[PDB]
Amino acid sequence: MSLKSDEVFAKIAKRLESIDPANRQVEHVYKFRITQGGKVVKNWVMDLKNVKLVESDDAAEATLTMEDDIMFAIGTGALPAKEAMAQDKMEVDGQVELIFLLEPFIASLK
């Protein structure tokens, strides 16, 4: 009934409220896919227009699908999203240029 990834999304959201217009460069919508054990069980959507996280199936500039245990690692600055993708522990769709543009942004907002 509850996923660990929720913890990361919750904290990430509260952090998005600290974002300021002074520092900018790029911002787009990102969809996250939460799988249970090894199969998709839910899909979350990141609202960049309102700066809030919500649950929807709407399209997005990119999609990041990874196991709950994996998403947590990339959320708690545990394991690098890059390496995880190398071991096939996670995948991403859409603009590979933007998806990676978030890696170095994990410090400002994951």
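Only one of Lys31, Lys42 is of a type outside the set (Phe, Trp, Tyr), within 13 Å of the chain's Cα centre (by Cα) and not in a loop (DSSP other than H, G, I, E, B). Can you tell me which?
Numbers: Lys42 fails: within 13 Å of the chain's Cα centre (by Cα).
None of the others qualify; the one that does is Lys31.
Taking the stated definitions as given, is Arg33 in contact with a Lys or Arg (Cβ under 8 Å, 6 or more places away or on another chain) and either more than 21 Å from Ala107 (Cβ to Cβ) or exposed (fewer than 12 other Cβ atoms within 10 Å of the Cβ) (or both)?
Numbers: in contact with a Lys or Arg (Cβ under 8 Å, 6 or more places away or on another chain): yes; either more than 21 Å from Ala107 (Cβ to Cβ) or exposed (fewer than 12 other Cβ atoms within 10 Å of the Cβ) (or both): yes.
Yes; evaluated as a whole, the condition is true for this residue.
Just to be sure I understand the filter: pairs with C-beta atoms under 8 Å, separated by 6 or more residues or on different chains, first member in the range 65-76 and farther than 14 Å from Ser2 by Cα, second member surrounded by fewer than 18 Cβ atoms within 10 Å (Cβ to Cβ) and hydrophobic (A, V, I, L, M, F, W, C). Which pairs pass?
Close Cβ pairs (under 8 Å, with a partner that is surrounded by fewer than 18 Cβ atoms within 10 Å (Cβ to Cβ) and hydrophobic (A, V, I, L, M, F, W, C)) amount to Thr65/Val40; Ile70/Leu79; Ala73/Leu79; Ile74/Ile106; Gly75/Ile12.
Each row is one residue, and each column tells you yes or no for (1) in contact with a strand residue (DSSP E or B) (Cβ under 6 Å, 6 or more places away or on another chain); (2) in contact (Cβ under 8 Å) with a residue 60 or more places away in the chain; (3) under 16 Å from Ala73 (Cβ atoms).
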site	(1), (2), (3)
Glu7	no, yes, yes
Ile12	no, yes, yes
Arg15	no, yes, no
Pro21	no, no, no
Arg24	no, no, no
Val40	yes, no, no
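Filter the range 12-24 down to the residues that are more than 12 Å from the chain's Cα centre (by Cα) and either closer than 21 Å to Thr65 by Cα or surrounded by 13 or more Cβ atoms within 10 Å (Cβ to Cβ) (or both) and list them by number.
Residues of the range 12-24 that are more than 12 Å from the chain's Cα centre (by Cα), as a first pass: 14-24.
Selection gives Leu16, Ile19.
Being in contact (Cβ under 8 Å) with a residue 12 or more places away in the chain and surrounded by 14 or more Cβ atoms within 10 Å (Cβ to Cβ) is the filter here; which residues of the range 77-94 pass it?
Looking only at the range 77-94, we keep the residues that are in contact (Cβ under 8 Å) with a residue 12 or more places away in the chain, and these are 77, 80-82, 84, 89-94.
Those that are in contact (Cβ under 8 Å) with a residue 12 or more places away in the chain and surrounded by 14 or more Cβ atoms within 10 Å (Cβ to Cβ): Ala81, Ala84, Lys89, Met90, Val92, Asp93, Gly94.
Neighbour counts are summed over all protein chains in view; Cβ atoms, including those assigned to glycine, are modelled from backbone coordinates with ideal geometry. Rule-based calculations on the coordinates, nothing more; no lab input.
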